[PDB]
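What follows is a single structure, and I will ask about it in a moment.
Labels run A, B, C and D following the written order; every chain starts at residue 1.
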Amino acid sequence: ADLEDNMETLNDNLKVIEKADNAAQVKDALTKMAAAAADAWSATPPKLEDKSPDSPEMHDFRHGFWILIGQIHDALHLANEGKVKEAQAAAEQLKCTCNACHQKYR
Amino acid sequence: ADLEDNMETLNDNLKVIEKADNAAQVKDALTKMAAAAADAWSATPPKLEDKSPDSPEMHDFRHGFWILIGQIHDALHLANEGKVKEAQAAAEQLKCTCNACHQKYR
Amino acid sequence: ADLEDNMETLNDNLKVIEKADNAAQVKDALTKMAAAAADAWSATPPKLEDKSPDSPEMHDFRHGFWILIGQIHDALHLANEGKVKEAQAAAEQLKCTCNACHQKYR
Amino acid sequence: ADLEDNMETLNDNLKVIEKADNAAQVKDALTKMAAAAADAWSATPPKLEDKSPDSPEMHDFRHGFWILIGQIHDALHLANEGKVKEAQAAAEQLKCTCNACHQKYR
């Protein structure tokens, strides 16, 4: 799917996690984010259209996705332990990742 | 793309790393292994076509990829450092993960 | 060393990284932080001196370190690859982890 | 403690996880392995006693613990979710890391 469509999915489900009542909303949303993150790996963003697939920017770009996927991984385990509040705090920190890539390649 | 196709991309690049001689060979193979692993994230194995996307059977199926992806990510950093023996050793330990999933959902 | 000292090491070397000019400096700081983080593991924060060592608070407190240590590990790889700015970007993110713990336990 | 002792603790609890009946044991066991690995961090093993704490051999030696610690981290989450058998799978899984370091530096 479109990088944009994958971003929108990340964004929708993120908010869903921040306004979640139960651990199940958090689990469902996180699983969805991990899929989006995954399908977004192979994508090349506008600001790097001219760049080489092997350039540092592109390698750094995809690296942000590995970091994200990793932080969603952890988030899920917490939500799985029923520790909702912290699962939400963990989602907040991966936001530190959303911003970073954005400020650099969006 | 397809699961087999991705598993083949996966299976073929593991042997290339095995027969690896230098760092460029290891990187490019791992770089390709990561795209495949990432692309086979949403696939539904055969032995679970009946289970819900949100069922606990899928979560655990998908968990294995998080693991493989994390291991390939780090292995790449090693190959990026010119640490061929190290990188190859890391790859070897991916099997510890490949086999785990296989002896369960293959 | 005690918590305070391992913490001053974390802080000082974090600052070194933010003001670094080359990969050499960052690698050196990250290495010291890896040690300080590893050494701080088993300490009991004062605001938890009354809690049992296996209480949820202490398990959560240690979880903060797993994350921290993991981020210092990845940050270093980036420094070892001569990616100074990316490392500094990773240093900044592991900062979300210093603050997270502190808001909750200091 | 010294390396020997940290290693017994790691060995004693690994087995405890292997023959565990309930999850409580596993959690408790992993937690102790976690502390033993962190403590082993600043250790200089016999075979590398002629190398400095800034050498490639020592960084490779230590990276071995970053790997072990991350695998205990995931093992403990699974044990926290009640997933006991998977926890043992993951535990038997990190043994891959135990050997790999012994085969090279023991």
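Quick note on the criterion: a residue touches a chain if its C-beta (ideal position, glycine included) is under 8 Å from a C-beta of that chain, and two chains touch if they have at least 3 such contacts.
**Student:** If you line up contacts by residue number, which pair in C-D, B-C or B-D shares over half of them with A-C? Let me know.
**Tutor:** B-D
**Student:** Decide which interface, A-B or A-D, involves more C-beta pairs in contact, and give its chain pair.
**Tutor:** Comparing A-D with A-B, the pair joined by more C-beta contacts is A-B.
**Student:** If you average the CA atoms of subunit A and of subunit B, how far apart do the two points sit, in angstrom?
**Tutor:** So the centroids are 20 Å from each other.
**Student:** Taking each chain's centre as its mean C-alpha position, how far apart are subunit B and subunit D in Å?
**Tutor:** Taking the average C-alpha coordinate of subunit B and of subunit D, the gap between them is 23 Å.
**Student:** Can you compute the centre-to-centre distance for subunit A and subunit D, using the mean CA position of each chain? Integer Å is fine.
**Tutor:** 30
**Student:** Would you give the residues of subunit D that are in contact with at least 2 other chains, written as numbers and ranges?
**Tutor:** Subunit D, residues with two or more chain partners: 63, 70, 74.
**Student:** Where on subunit C is subunit D touching in the complex?
**Tutor:** 31, 34-35, 38-39, 41-42, 54, 59, 62-63, 65-66, 69-70, 73
**Student:** So in the complex, the part of subunit A that touches subunit C is made up of which residues?
**Tutor:** 56, 60, 63, 67, 74, 86, 89, 93, 96-97, 100, 104
**Student:** Looking at the complex, which residues from subunit D come into contact with subunit A?
**Tutor:** Result: residues 74, 77-78, 80-81 of subunit D touch subunit A.
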